[PDB]
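S.K.: Before I ask anything, here is the structure I am working with.
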Amino acid sequence: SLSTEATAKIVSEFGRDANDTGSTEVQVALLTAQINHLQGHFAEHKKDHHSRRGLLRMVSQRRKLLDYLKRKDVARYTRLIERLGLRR
Amino acid sequence: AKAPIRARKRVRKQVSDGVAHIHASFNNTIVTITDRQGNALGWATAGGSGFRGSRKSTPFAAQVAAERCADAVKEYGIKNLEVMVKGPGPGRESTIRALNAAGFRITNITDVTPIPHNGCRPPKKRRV
Amino acid sequence: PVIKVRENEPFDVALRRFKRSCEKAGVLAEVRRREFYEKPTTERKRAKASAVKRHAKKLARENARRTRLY
Amino acid sequence: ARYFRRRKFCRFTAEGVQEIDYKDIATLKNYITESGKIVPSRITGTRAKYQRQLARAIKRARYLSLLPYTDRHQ
Amino acid sequence: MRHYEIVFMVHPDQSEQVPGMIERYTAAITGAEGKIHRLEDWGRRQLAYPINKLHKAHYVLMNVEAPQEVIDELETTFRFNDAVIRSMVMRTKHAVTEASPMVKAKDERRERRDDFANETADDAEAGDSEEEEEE
RNA sequence: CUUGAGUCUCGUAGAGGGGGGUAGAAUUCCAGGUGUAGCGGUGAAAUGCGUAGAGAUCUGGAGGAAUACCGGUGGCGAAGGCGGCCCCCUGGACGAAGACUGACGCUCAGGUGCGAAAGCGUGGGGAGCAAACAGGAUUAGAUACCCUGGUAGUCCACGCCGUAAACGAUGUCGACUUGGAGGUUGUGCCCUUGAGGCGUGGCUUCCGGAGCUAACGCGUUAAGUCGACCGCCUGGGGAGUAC
């Protein structure tokens with residue numbers, strides 16, 4: 001679930017120029033926005049365990065699709081990690 | 001307890017009407033007549049009928065308790081009574097019946113047997 | 001315990017059968033026993049178990065005839 | 001003839017009265033005794049959706065005093 | 001936006017307070033691009049059991065849509081309102097803003113069975129009969 | 001590539017989590033009024049409470065756990081797990097069209113994260129019940145049995161090793177296998193004529209045919225037909241302890 005206005009910003013900037021939501025680069029970016037919002041919540045609410053299950057899903061898929069993207073084009077990968085400003 | 005008394009004529013306040021509260025327990029019934037504005041005008045009990053023990057806690061012992069409370073308030077000058085009932089205990093009908101034999105009208109037979117929103121945890125009792 | 005459901009025409013005897021439909025159950029029925037939080041789902045909720053008895057009671061009349069036991 | 005859609009006695013043998021609305025007192029009293037409490041959903045032959053949703057809509061209605069909360073209130 | 005169906009009642013003697021209060025709460029809903037989709041006044045009605053004492057209260061079904069952010073501030077203000085005795089707001093899922101189950105009983109109230117008295121003139125001043133102070 | 005999985009906007013159903021708000025009621029308690037003799041407990045009973053005026057009742061207040069009947073074989077989570085009602089934050093699941101990427105997959109030593117319950121450190125909170133502790137009652141004698149008084153505990157917040165009966169009395173997930181119907185839900189259609197039917201999905205479950213079991217039992221969600229990978233067993237007692 002994401003706000004409408006973010007979902008279109010993500011579509012303009014990420015995936016292909018067809019403006020899709022299915023490609024590896026834009027799905028990484030869609031997970032990231034949901035992770036990013038949640039780590040802001042997860043400064044407190046430290047006993048909120050059924051929602052954390054979800055945190056761990058969104059992180060686990062993000063790792064996998066970035067691993068996939070390095071198995072695929074090295075151009076697409078090197079751009080993506082730098083355009084989406086990921087990790088620390 | 002009650003006595004085998006000669007015929008009654010005595011005055012207190014000539015009130016004509018009252019409300020009653022019948023408080024039913026697991027061992028007993030407590031029957032208490034009050035004024036309509038809320039002030040105790042007299043009581044009886046089923047252990048005070050001297051059945052004692054479990055034997056105090058039956059439809060017949062409850063009866064004799066209601067007829068008891070109903071007797072003393074004739075000196076209060078009551079002529080009609082109405083009732084509230086509050087409990088699961090015995091004297092289900094036989095107590096309202098006793099009040100009615102005292103020559104009273106009893107048109108409003110109000111169940112108020114209280115449902116707390118899951119109140120205080122009970123003694124566990126037997127292992128079933 | 002006259003039961004709150006009102007009797008047709010008021011009288012000194014409460015008509016305790018004709019009033020009850022769903023009273024005591026669950027609130028004041030497990031009286032003087034130790035109270036649990038989530039237990040009722042498995043202690044009390046026995047509706048499935050009781051529908052099979054309602055089906056067997058209505059089935060057997062017809063089958064007692066059909067086997068020729070009647 | 002086609003598309004008559006809920007004339008009378010049609011969909012269910014016991015009619016669904018409300019779903020999740022609680023502001024009319026009379027739909028709610030359709031399943032509420034003179035003791036001031038709900039009849040079981042096995043007895044009524046009510047459809048489960050409306051009943052499951054009624055468990056929220058009746059607690060709501062008691063809390064807005066459209067209904068008696070309690071036996072004491074006669 | 002998401003839909004929150006609020007209904008509330010107000011203590012009779014204190015009903016003169018709500019006609020000022022309502023016009024800020026509606027500006028906080030339309031100022032955020034929400035809508036008030038009916039605003040039905042029910043007249044004075046008899047409570048079954050008292051709420052904050054007294055056996056009477058004056059009924060309003062407002063019927064809101066507003067974004068989730070704004071209704072959270074506005075509900076905490078209504079609950080700590082001294083004029084409001086209680087309110088209940090129902091879930092968004094599968095929620096109606098048309099075709100009122102009480103549509104005939106609302107019209108009946110207003111027409112023929114109301115108070116016709118000054119504390120229920122105020123209730124309609126917070127009702128469909130809105131009279132409101134300038135901002 | 002799609003045949004695996006994943007993802008966007010719409011709709012839907014539920015007690016999933018985490019934080020906020022909120023009403024009325026018995027016990028109980030405080031204040032004032034009224035009022036007399038038992039009250040309480042059980043198999044029956046005594047301890048316990050009361051004439052120094054108890055018990056109960058009216059009016060007002062106090063206080064905290066809790067919130068049903070609705071609540072169903074339901075539904076949600078990962079096994080255990082979740083129930084007043086409402087809002088904020090947020091997970092996970094079910095349907096449907098337009099549409100997309102295209103094995104990005106399975107399992108998992110290590111691992112980080114996380115509790116039914118009580119245990120547990122301090123703060124907040126205490127109404128009721130109760131291990132202990134006193135005493136009664138019971139009697140091969142009575143710590144068990146049974147009762148009365150009654151504390152920590154139960155309740156909230158963070159924090160510490162996540163304990164057991166962690167389950168369809170299935171390790172996981174996945175692929176394949178006559179179905180019908182229930183419980184109950186998206187949605188096209190019905191005289192919208194059983195919690196109903198058909199069309200097309202859904203979990204969840206009863207029934208029974210193939211196969212499987214020592215027997216119960218399972219049966220299309222397997223405990224069938226098999227598939228991969230991990231965890232783990234090798235007689236009892238002593239020991240789920242020791243090390």
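Naming works like this for the structure tokens: A, B, ... for the chains as they're shown, residue 1 at the start of each chain, ligands 1 onward in shown order.
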Quick one: which residues from chain A are at most 6 Å off chain F, using only C-alpha atoms (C1' of nucleotides), as an MDAnalysis selection string?
M.R.: chainID A and resid 20:23 45 48:51 54 65 68
S.K.: Could you pull the residues within 12 Å of region 216-218 of chain F, counting only C-alpha atoms (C1' of nucleotides), minus those fewer than 5 positions along the same chain, as number ranges by chain?
M.R.: F: 168-170, 211, 223-224
S.K.: Take the residues just selected and output them with N, CA and C atoms (P, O5', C5', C4', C3', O3' and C1' of nucleotides) as a PDB file, in the first residue's frame.
M.R.:
ATOM      1  P     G F 168      -2.481 -28.256  12.865  1.00  0.00           P
ATOM      2  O5'   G F 168      -3.760 -29.113  12.443  1.00  0.00           O
ATOM      3  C5'   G F 168      -5.016 -29.129  13.176  1.00  0.00           C
ATOM      4  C4'   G F 168      -5.755 -30.495  13.183  1.00  0.00           C
ATOM      5  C3'   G F 168      -4.878 -31.621  13.716  1.00  0.00           C
ATOM      6  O3'   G F 168      -5.571 -32.457  14.610  1.00  0.00           O
ATOM      7  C1'   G F 168      -5.843 -32.378  11.767  1.00  0.00           C
ATOM      8  P     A F 169      -5.755 -32.007  16.159  1.00  0.00           P
ATOM      9  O5'   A F 169      -4.281 -32.496  16.662  1.00  0.00           O
ATOM     10  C5'   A F 169      -4.132 -33.688  17.634  1.00  0.00           C
ATOM     11  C4'   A F 169      -2.822 -34.444  17.693  1.00  0.00           C
ATOM     12  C3'   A F 169      -2.585 -35.260  16.443  1.00  0.00           C
ATOM     13  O3'   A F 169      -1.251 -35.146  16.000  1.00  0.00           O
ATOM     14  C1'   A F 169      -2.470 -36.583  18.496  1.00  0.00           C
ATOM     15  P     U F 170      -0.679 -33.778  15.409  1.00  0.00           P
ATOM     16  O5'   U F 170      -0.199 -34.407  14.108  1.00  0.00           O
ATOM     17  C5'   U F 170       0.896 -33.883  13.422  1.00  0.00           C
ATOM     18  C4'   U F 170       0.955 -34.202  11.885  1.00  0.00           C
ATOM     19  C3'   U F 170       2.152 -33.606  11.092  1.00  0.00           C
ATOM     20  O3'   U F 170       3.354 -34.320  11.212  1.00  0.00           O
ATOM     21  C1'   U F 170       0.200 -33.639   9.724  1.00  0.00           C
ATOM     22  P     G F 211      -6.889 -49.475  -3.971  1.00  0.00           P
ATOM     23  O5'   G F 211      -5.757 -48.638  -3.273  1.00  0.00           O
ATOM     24  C5'   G F 211      -4.644 -48.100  -4.082  1.00  0.00           C
ATOM     25  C4'   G F 211      -3.725 -47.117  -3.401  1.00  0.00           C
ATOM     26  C3'   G F 211      -3.112 -47.585  -2.074  1.00  0.00           C
ATOM     27  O3'   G F 211      -1.873 -48.252  -2.252  1.00  0.00           O
ATOM     28  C1'   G F 211      -4.002 -45.323  -1.839  1.00  0.00           C
ATOM     29  P     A F 223       0.937 -35.470   5.519  1.00  0.00           P
ATOM     30  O5'   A F 223       0.890 -36.573   6.736  1.00  0.00           O
ATOM     31  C5'   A F 223       1.510 -37.834   6.675  1.00  0.00           C
ATOM     32  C4'   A F 223       0.565 -39.059   6.466  1.00  0.00           C
ATOM     33  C3'   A F 223      -0.457 -38.912   5.380  1.00  0.00           C
ATOM     34  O3'   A F 223      -0.724 -40.091   4.589  1.00  0.00           O
ATOM     35  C1'   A F 223      -1.431 -39.215   7.562  1.00  0.00           C
ATOM     36  P     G F 224       0.427 -40.837   3.761  1.00  0.00           P
ATOM     37  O5'   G F 224      -0.162 -41.269   2.283  1.00  0.00           O
ATOM     38  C5'   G F 224      -1.073 -42.366   2.132  1.00  0.00           C
ATOM     39  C4'   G F 224      -1.586 -42.356   0.642  1.00  0.00           C
ATOM     40  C3'   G F 224      -0.636 -42.332  -0.532  1.00  0.00           C
ATOM     41  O3'   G F 224      -0.050 -43.653  -0.827  1.00  0.00           O
ATOM     42  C1'   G F 224      -2.419 -40.840  -0.927  1.00  0.00           C
TER      43        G F 224
END
S.K.: Using only C-alpha atoms, what table do you get, as a tab-separated table, when you list each residue of chain B with an atom no more than 7 Å from chain C, its nearest pair of atoms, and their distance in Å rounded to one decimal, rows by chain then rising number?
M.R.:
residue	atom	partner	partner_atom	distance
B:85	CA	C:1	CA	6.8
B:87	CA	C:1	CA	6.0
B:88	CA	C:1	CA	5.1
B:92	CA	C:1	CA	5.7
B:93	CA	C:13	CA	5.1
B:96	CA	C:12	CA	5.6
B:97	CA	C:12	CA	5.1
B:100	CA	C:12	CA	6.3
B:106	CA	C:12	CA	6.8
B:107	CA	C:10	CA	6.0
B:111	CA	C:4	CA	4.9
B:113	CA	C:1	CA	6.2
B:118	CA	C:27	CA	6.8
B:121	CA	C:35	CA	5.6
B:122	CA	C:32	CA	5.0
B:123	CA	C:32	CA	5.6
B:124	CA	C:33	CA	4.2
B:125	CA	C:33	CA	5.9
S.K.: Store the residues picked out above in a file with C-alpha atoms, as a PDB file, in the first residue's frame.
M.R.:
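What follows is the written file part13.pdb:
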ATOM      1  CA  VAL B  85     -35.873  -8.513  42.257  1.00  0.00           C
ATOM      2  CA  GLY B  87     -30.431 -12.278  42.232  1.00  0.00           C
ATOM      3  CA  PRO B  88     -30.523 -15.924  40.942  1.00  0.00           C
ATOM      4  CA  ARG B  92     -38.368 -17.407  42.324  1.00  0.00           C
ATOM      5  CA  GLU B  93     -42.183 -17.074  42.291  1.00  0.00           C
ATOM      6  CA  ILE B  96     -43.842 -12.663  44.991  1.00  0.00           C
ATOM      7  CA  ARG B  97     -46.758 -15.027  45.774  1.00  0.00           C
ATOM      8  CA  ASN B 100     -49.604 -11.039  47.130  1.00  0.00           C
ATOM      9  CA  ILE B 106     -48.282  -6.271  42.849  1.00  0.00           C
ATOM     10  CA  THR B 107     -48.800  -5.025  39.255  1.00  0.00           C
ATOM     11  CA  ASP B 111     -36.552  -8.119  37.113  1.00  0.00           C
ATOM     12  CA  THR B 113     -31.224  -9.444  38.295  1.00  0.00           C
ATOM     13  CA  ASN B 118     -18.037  -9.658  33.289  1.00  0.00           C
ATOM     14  CA  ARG B 121     -13.412 -13.403  39.305  1.00  0.00           C
ATOM     15  CA  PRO B 122     -15.211 -16.097  41.492  1.00  0.00           C
ATOM     16  CA  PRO B 123     -13.897 -18.684  44.044  1.00  0.00           C
ATOM     17  CA  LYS B 124     -12.879 -21.699  41.854  1.00  0.00           C
ATOM     18  CA  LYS B 125     -14.886 -24.310  43.949  1.00  0.00           C
TER      19      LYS B 125
END
S.K.: What separation in Å, quoted to one decimal, exists between CA of residue 1 (chain B) and CA of residue 21 (chain B)?
M.R.: 19.8 Å
S.K.: If we count only C-alpha atoms (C1' of nucleotides) and set the cut-off at 8 Å, which residues sit around region 99-111 of chain E, ignoring sequence neighbours fewer than 5 positions away in its own chain? Please answer as a compact mmCIF listing (two decimals) with N, CA and C atoms, in the first residue's frame.
M.R.:
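To be explicit, this is the file written out as out-v1.txt:
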# COMPACT_ATOMS: atom_id res chain seq x y z
N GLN D 18 -30.63 -5.03 8.40
CA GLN D 18 -29.34 -4.39 8.39
C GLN D 18 -28.22 -5.25 7.81
N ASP D 21 -25.31 -1.16 9.74
CA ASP D 21 -26.01 0.04 10.24
C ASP D 21 -26.78 -0.18 11.51
N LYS D 23 -28.52 2.84 13.37
CA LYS D 23 -28.99 4.20 13.74
C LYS D 23 -30.53 4.13 13.89
N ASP D 24 -31.23 3.25 13.08
CA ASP D 24 -32.59 2.92 13.31
C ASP D 24 -32.58 1.91 14.46
N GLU E 40 -27.88 15.21 9.11
CA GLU E 40 -29.26 14.93 9.62
C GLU E 40 -29.36 15.22 11.08
N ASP E 41 -30.30 16.12 11.47
CA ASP E 41 -30.68 16.37 12.81
C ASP E 41 -31.86 15.52 13.17
N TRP E 42 -31.90 14.93 14.35
CA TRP E 42 -32.89 13.86 14.69
C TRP E 42 -33.89 14.46 15.63
N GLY E 43 -33.70 15.67 16.17
CA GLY E 43 -34.50 16.26 17.27
C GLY E 43 -34.05 15.70 18.63
S.K.: Apply DSSP to the backbone of this structure and, from region 5-110 of chain B, keep only the residues in strand (DSSP E or B); write these as a VMD selection string.
M.R.: chain B and resid 16 to 17 19 to 24 29 to 34 40 to 45 78 to 80 83 to 86 105 109 to 110
S.K.: Starting from chain D, keep only residues with some atom at most 10 Å from an atom of chain B, counting only C-alpha atoms, and report them as a PDB file with N, CA and C atoms, in the first residue's frame.
M.R.:
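See out_38.pdb below for the written result:
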ATOM      1  N   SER D  35     -36.100  -8.923  27.658  1.00  0.00           N
ATOM      2  CA  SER D  35     -34.939  -8.867  28.580  1.00  0.00           C
ATOM      3  C   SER D  35     -33.791  -7.888  28.186  1.00  0.00           C
ATOM      4  N   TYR D  69     -28.560  -1.314  27.837  1.00  0.00           N
ATOM      5  CA  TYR D  69     -27.254  -1.956  27.909  1.00  0.00           C
ATOM      6  C   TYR D  69     -27.300  -3.244  28.795  1.00  0.00           C
ATOM      7  N   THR D  70     -28.362  -3.313  29.671  1.00  0.00           N
ATOM      8  CA  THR D  70     -28.262  -3.997  30.925  1.00  0.00           C
ATOM      9  C   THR D  70     -29.737  -4.334  31.431  1.00  0.00           C
ATOM     10  N   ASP D  71     -29.844  -5.445  32.196  1.00  0.00           N
ATOM     11  CA  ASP D  71     -31.117  -5.899  32.749  1.00  0.00           C
ATOM     12  C   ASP D  71     -31.727  -4.853  33.706  1.00  0.00           C
ATOM     13  N   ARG D  72     -30.949  -4.069  34.425  1.00  0.00           N
ATOM     14  CA  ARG D  72     -31.362  -3.113  35.474  1.00  0.00           C
ATOM     15  C   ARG D  72     -32.258  -1.916  35.032  1.00  0.00           C
ATOM     16  N   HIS D  73     -32.469  -1.744  33.689  1.00  0.00           N
ATOM     17  CA  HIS D  73     -32.832  -0.474  33.093  1.00  0.00           C
ATOM     18  C   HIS D  73     -34.290  -0.381  32.653  1.00  0.00           C
ATOM     19  N   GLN D  74     -35.022  -1.428  32.931  1.00  0.00           N
ATOM     20  CA  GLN D  74     -36.461  -1.372  33.109  1.00  0.00           C
ATOM     21  C   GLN D  74     -36.853  -0.791  34.469  1.00  0.00           C
TER      22      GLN D  74
END
S.K.: Suppose you want the space between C1' of residue 107 (chain F) and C1' of residue 231 (chain F); what is it in Å?
M.R.: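 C1' of residue 107 (chain F) sits 11.8 Å away from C1' of residue 231 (chain F).
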S.K.: List every residue of chain D that DSSP, applied to the backbone of this structure, assigns to helix (DSSP H, G or I), and report them as JSON, numbers by chain.
M.R.: {"D": [25, 26, 27, 28, 29, 30, 31, 41, 42, 43, 44, 48, 49, 50, 51, 52, 53, 54, 55, 56, 57, 58, 59, 60, 61, 62, 63, 71, 72, 73]}
S.K.: Env of residue 62 (chain F): 12 Å cut, atoms = only C-alpha atoms (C1' of nucleotides), seq-sep filter 2 positions within chain, self excluded. Answer as a list in words.
M.R.: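 Here the qualifying residues turn out to be residues 28, 29, 30, 31, 60, 64 and 127 of chain F.
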S.K.: With N, CA, C and O atoms (P, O5', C5', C4', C3', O3' and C1' of nucleotides) retained, could you export that selection as a PDB file, in the first residue's frame?
M.R.:
ATOM      1  P     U F  28     -19.653  -7.130  49.056  1.00  0.00           P
ATOM      2  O5'   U F  28     -18.412  -6.231  48.467  1.00  0.00           O
ATOM      3  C5'   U F  28     -17.097  -6.651  48.617  1.00  0.00           C
ATOM      4  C4'   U F  28     -16.217  -5.606  48.070  1.00  0.00           C
ATOM      5  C3'   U F  28     -16.265  -4.308  48.782  1.00  0.00           C
ATOM      6  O3'   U F  28     -15.717  -4.504  50.065  1.00  0.00           O
ATOM      7  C1'   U F  28     -16.119  -3.938  46.458  1.00  0.00           C
ATOM      8  P     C F  29     -16.350  -3.857  51.446  1.00  0.00           P
ATOM      9  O5'   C F  29     -15.978  -2.357  51.158  1.00  0.00           O
ATOM     10  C5'   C F  29     -14.578  -2.033  50.967  1.00  0.00           C
ATOM     11  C4'   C F  29     -14.316  -0.701  50.446  1.00  0.00           C
ATOM     12  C3'   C F  29     -15.006   0.419  51.284  1.00  0.00           C
ATOM     13  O3'   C F  29     -14.417   0.686  52.522  1.00  0.00           O
ATOM     14  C1'   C F  29     -15.169   0.730  48.879  1.00  0.00           C
ATOM     15  P     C F  30     -15.159   1.479  53.691  1.00  0.00           P
ATOM     16  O5'   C F  30     -15.206   2.990  53.271  1.00  0.00           O
ATOM     17  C5'   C F  30     -14.110   3.873  53.161  1.00  0.00           C
ATOM     18  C4'   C F  30     -14.506   5.216  52.462  1.00  0.00           C
ATOM     19  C3'   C F  30     -15.536   5.907  53.279  1.00  0.00           C
ATOM     20  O3'   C F  30     -15.021   6.489  54.479  1.00  0.00           O
ATOM     21  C1'   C F  30     -16.086   6.127  50.931  1.00  0.00           C
ATOM     22  P     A F  31     -15.956   6.708  55.753  1.00  0.00           P
ATOM     23  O5'   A F  31     -17.158   7.694  55.245  1.00  0.00           O
ATOM     24  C5'   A F  31     -16.974   9.084  55.035  1.00  0.00           C
ATOM     25  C4'   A F  31     -18.116   9.801  54.306  1.00  0.00           C
ATOM     26  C3'   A F  31     -19.428   9.765  55.037  1.00  0.00           C
ATOM     27  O3'   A F  31     -19.566  10.405  56.291  1.00  0.00           O
ATOM     28  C1'   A F  31     -19.621   9.877  52.693  1.00  0.00           C
ATOM     29  P     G F  60     -28.185   9.617  42.059  1.00  0.00           P
ATOM     30  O5'   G F  60     -26.760   9.956  42.715  1.00  0.00           O
ATOM     31  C5'   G F  60     -26.364  11.336  42.684  1.00  0.00           C
ATOM     32  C4'   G F  60     -25.189  11.632  43.516  1.00  0.00           C
ATOM     33  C3'   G F  60     -23.918  10.921  43.022  1.00  0.00           C
ATOM     34  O3'   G F  60     -23.258  11.423  41.902  1.00  0.00           O
ATOM     35  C1'   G F  60     -24.131  10.921  45.379  1.00  0.00           C
ATOM     36  P     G F  64      -8.278   3.330  38.756  1.00  0.00           P
ATOM     37  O5'   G F  64      -7.899   2.041  37.876  1.00  0.00           O
ATOM     38  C5'   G F  64      -6.954   1.115  38.486  1.00  0.00           C
ATOM     39  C4'   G F  64      -7.488  -0.264  38.774  1.00  0.00           C
ATOM     40  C3'   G F  64      -8.078  -0.857  37.494  1.00  0.00           C
ATOM     41  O3'   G F  64      -7.045  -1.232  36.609  1.00  0.00           O
ATOM     42  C1'   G F  64      -9.516  -1.204  39.249  1.00  0.00           C
ATOM     43  P     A F 127      -8.361  -1.688  46.316  1.00  0.00           P
ATOM     44  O5'   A F 127      -9.663  -2.506  46.047  1.00  0.00           O
ATOM     45  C5'   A F 127     -10.819  -1.905  45.645  1.00  0.00           C
ATOM     46  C4'   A F 127     -11.727  -2.853  44.812  1.00  0.00           C
ATOM     47  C3'   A F 127     -11.584  -4.352  45.107  1.00  0.00           C
ATOM     48  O3'   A F 127     -12.115  -4.644  46.405  1.00  0.00           O
ATOM     49  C1'   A F 127     -11.823  -3.846  42.769  1.00  0.00           C
TER      50        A F 127
END
S.K.: Tell me, as a count of residues only, which residues lie within 12 Å of residue 1 (chain E), counting only C-alpha atoms (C1' of nucleotides); anything in the same chain fewer than 2 positions away does not count.
M.R.: 19
S.K.: Give me the residues within 12 Å of residue 76 (chain A) as a PyMOL selection string, counting only C-alpha atoms (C1' of nucleotides) and dropping any in the same chain fewer than 3 places off.
M.R.: chain A and resi 14-16+23-26+66+68-73+79-84
S.K.: Provide as a list in words the residues of chain F at most 9 Å from chain E, counting only C-alpha atoms (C1' of nucleotides).
M.R.: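 The answer, sorted by residue number, is residues 12, 21, 22, 23, 24, 85, 86, 87 and 88 of chain F.
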